[PDB]
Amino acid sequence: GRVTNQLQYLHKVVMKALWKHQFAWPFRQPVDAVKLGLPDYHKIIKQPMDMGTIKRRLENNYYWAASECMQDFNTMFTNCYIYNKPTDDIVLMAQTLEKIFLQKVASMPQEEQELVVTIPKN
């Protein structure tokens, strides 16, 4: 992957804010559907995603574009709304985190640029 202004902002502003939120802990690691007794979880949710995975990907420069990172966040939230019950607090926790995510994306640099300056050689 690579480092862009938007990806660096996602890592050290957006993820920084979301990871330490009071509601973050259910989303810091993948759903353990075996331990939690949810053997329909992976039947219903085709793309599991969590902030621990996203954070590791940001740390390892896995993403090529901010859009891929934003789609992982988006999928994480949507998974929660699709699987759980409308009245579960976990849904309201996801909704709270997603509102912060959106507000941070609003303030992200507008145009993605790779963080690179090269001296012409050859």
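Don't overthink the numbering: it's just position in the shown sequence, from 1. For clarity, a rigid core is taken as the largest C-alpha set superposing within 1.5 Å between two forms.
Remark: when the other structures in 5 other deposited structures of this protein are fitted onto this one via the rigid core, 103 to 111 deviates more than the alternative among 20 to 28 and 103 to 111, judged by RMS CA distance. Per-stretch averaging of Cα B factors for 26 to 34 and 69 to 77 places 26 to 34 on top.
Mean CA B-factor, 50 to 58 versus 35 to 43: the higher value falls on 35 to 43.
Placement of the Cα temperature factor of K20 within the chain: highest third of the modelled residues, per the deposited record. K12 sits in the highest third of its chain by CA B factor, as recorded in the PDB entry.
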